[PDB]
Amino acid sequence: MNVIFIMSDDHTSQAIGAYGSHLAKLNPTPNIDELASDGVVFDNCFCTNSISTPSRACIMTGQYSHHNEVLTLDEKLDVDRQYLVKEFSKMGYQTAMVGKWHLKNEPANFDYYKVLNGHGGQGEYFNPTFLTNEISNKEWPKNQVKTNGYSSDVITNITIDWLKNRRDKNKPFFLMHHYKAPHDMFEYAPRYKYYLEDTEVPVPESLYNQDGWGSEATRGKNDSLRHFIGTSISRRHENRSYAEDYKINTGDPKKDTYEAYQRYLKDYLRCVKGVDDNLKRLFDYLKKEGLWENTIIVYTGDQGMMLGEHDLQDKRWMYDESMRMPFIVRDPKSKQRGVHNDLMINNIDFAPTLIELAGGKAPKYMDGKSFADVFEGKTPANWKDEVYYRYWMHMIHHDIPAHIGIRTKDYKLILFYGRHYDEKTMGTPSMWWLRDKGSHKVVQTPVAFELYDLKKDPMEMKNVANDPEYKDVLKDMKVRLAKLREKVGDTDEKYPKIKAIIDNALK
């Protein structure tokens, strides 16, 4: 069967109505939700490394970051590591890649590609330029075309145009359809400027209240690093915030945070609307063409994002809003339609599961395993009850310390080792646009554990690591985290300073 893998950029699960967050009363994704009403909504899908390039590498390879070597936004994915597309080409599929690529190297293993180029692979919201192999008289990365209009509209037209005029109608196709929205700074199409103009976006209480959240690793001893760690919505963080970026000055510091939250969320949801409106045009074409009944469709985001919760922004954090990815699959031949699923899955599991759903076998060389049996009503054999996470990009871009962690259905334990893996990067500025105006440095940050009871406290408001009545859960989770790190091979032999910190904190 055909496969269309749709992925959006920073489209987090709270901003999708089918996940029923406090934002769901705004009805932000009516078309995505309709697809979910005829498919499976995976409630426990998680990123292993919440940034675009590492997450997109885990999806393509089905392997953890330390195995594909794409640790941060600074690394490249080898052309020979394009396992997902290659495995579909082996099965006789024609393959196409459209939209945001962000894997640095050429999508050479795709028969057709037309991917975003400018701004380090992030693209532009208006008149974006693409690198494509329909201009075959040039070579990567000089095979550039220009387009007219808004990126979400242009990208949707590229995919539909390929399906209509370039696709071989007698071969099954595997298409990766990647959007650039709703990425910052959320430059929505001008036709949405007054969408949600007179509607208040529901505000979480964690935006203003953070008592019990965090530790010395994320706030410092006696809250001395509240100005230093974690970019904010309020003017808490001294160097980067939405209140400062939006130049909001009410006189009341709390109303500053509120207005910056409204602006951040409305501009963001305006981009989400543009994606959702475009998907109606794509889904209408697939239905009219008759591909709706023989095409497996996936909607996901490369990672989640903090939408102001705990006065945080962006991703990278292991916190559930950034760690969890939205993941909706419609298998038109499965009886699992209009249901939710609680299975703990990862983005590294996407590739082998999609290979088996298309009539293949889960590749042995991948860390991820197939959960295709879910679409047959079965629980996969010996499936994990825990997930591994690691953010490597210490301090850079958003002043977020590197950390590892493990998450079960009931508990989450985070270990911040607060150090960058590259010694040459230690000591250097974290934000390049403030290299002149005084940015923070990629320095060592306090090492500490954070522990959250996901059944009593799913919003992760209360760190209960120092709590004595959780000290048995604490020792238990520290054991599973050490063996999970051991089982996946992320033992940091390559990095001595980091190995000593993690090994000594676990033992």
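Position 1 is the first residue in the sequence shown; the rest follow in order.
Once the C-alpha B-factors are averaged per stretch, 243-251 and 176-184 rank with 243-251 first. Just going by the entry, 385-393 versus 297-305 on mean CA temperature factor gives the higher value to 385-393. Residue-level inspection of the entry shows that, of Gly274, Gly230, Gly338, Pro363, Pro363 has the top Cα B-factor. Out of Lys169, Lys100, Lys193, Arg330, the entry records its largest CA B-factor for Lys169. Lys424: CA B factor in the highest third of modelled residues in this chain (values from the PDB entry). Split the chain's modelled residues into thirds by C-alpha temperature factor. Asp33 is in the lowest one.
Sort the modelled residues of the chain by CA B factor and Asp320 lands in the lowest third. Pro326: CA B factor in the lowest third of modelled residues in this chain (values from the PDB entry). Sorting the modelled residues of the chain by their CA temperature factor places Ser215 in the highest third.
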